[PDB]
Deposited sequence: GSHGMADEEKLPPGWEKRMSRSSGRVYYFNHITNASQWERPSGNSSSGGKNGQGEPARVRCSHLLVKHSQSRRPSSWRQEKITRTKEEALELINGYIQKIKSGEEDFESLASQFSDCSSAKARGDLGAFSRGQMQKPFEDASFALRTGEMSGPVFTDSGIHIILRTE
């Protein structure tokens, strides 16, 4: 299995699925490195973020657990197709990249925070991460190139 995939059992249904402990992605199908990748992300900050402030909210007060629940809801609506990743990043990302639909441009290793970097480089093109934790907050990462 590609980098960091394991076989697990759905707790609710009992069907097997695949989980990636680097990206925190999970999927029902058997899963299908470059010098540079390009990603967008959607950041949700919380009271313990390195800088608990964003363009959206001067004083970010939500708990890490509340931030994780918001991230989980966004992932749900993105996966269902009710919402676009780009639309949710634009409206709700606690990052200045919200104005660019979460786009961060391309980058190589050695630039981003390590958990973010590892997830970015373990994603396949077009693939989306699960919740990814950094000192900034909680990210959803979409690898675009």
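Counting from residue 1 of the deposited sequence, the stretches lacking C-alpha coordinates in this chain are 1 to 10, 43 to 54.
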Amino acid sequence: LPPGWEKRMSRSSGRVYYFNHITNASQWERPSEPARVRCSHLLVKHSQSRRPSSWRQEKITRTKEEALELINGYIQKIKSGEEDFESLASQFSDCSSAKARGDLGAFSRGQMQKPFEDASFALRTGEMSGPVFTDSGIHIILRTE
From here on, numbers count along this sequence of modelled residues.
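Just going by the entry, 90 to 98 versus 106 to 114 on mean CA temperature factor gives the higher value to 106 to 114. In this entry, 10 to 18 has the higher mean Cα B-factor, the comparison being between 125 to 133 and 10 to 18. Out of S120, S26, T61, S40, it is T61 whose C-alpha atom has the highest B-factor in the PDB entry. When the modelled residues of the chain are ordered by their C-alpha B factor, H46 lands in the middle third.
When all modelled residues of the chain are sorted by CA temperature factor, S54 is found within the highest third.
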